[PDB]
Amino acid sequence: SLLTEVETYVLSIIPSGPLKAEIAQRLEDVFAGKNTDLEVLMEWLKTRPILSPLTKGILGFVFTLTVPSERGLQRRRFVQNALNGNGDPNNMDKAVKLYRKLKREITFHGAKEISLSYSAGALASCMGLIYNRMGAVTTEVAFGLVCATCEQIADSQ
């Protein structure tokens, strides 16, 4: 089950506490098709205390991927900044190269496999690149990048 892989990977980087429970429920609802309103979800995310900016960027990215329900919605600066990590030459260089590989992919595992060859910083940078143009890659490839990013992150701790 693909969506259960995303969910498990994403939750893995969130520290334990009541906030996590709330993130587990919202993720479950979005991945269940239980409607959703991007605008509302994002405000919520953007305002949660104790959540690392990066983790908000990863969640914001995931909610933007699924539950499109955008309707001309603009990109959230708070997602772009946490993803672009805001500065760090090099890593950005690796991000561009990964972005080029992912563009040739179509599947979740294919994207996930090649992505696991980069560090969390570059992976996050690459997510920031895709976020600028979500339609650059397929939804399955994007999801593959998300997990790898989360895998490398949880491994950092």
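Residue numbers here begin at 1 and follow the sequence given.
- Taking the PDB entry as given, 66-74 carries the higher mean Cα B factor of the two stretches 111-119 and 66-74.
- When the C-alpha B-factors of 40-48 and 88-96 are averaged, 88-96 comes out higher.
- The top Cα temperature factor in the record, among 102, 130, 124, 32, falls on 32.
- For residue 153, the recorded CA temperature factor ranks within the middle third of the chain's modelled residues.
- Sort the chain's modelled residues by C-alpha temperature factor and residue 134 lands in the highest third, per the entry.
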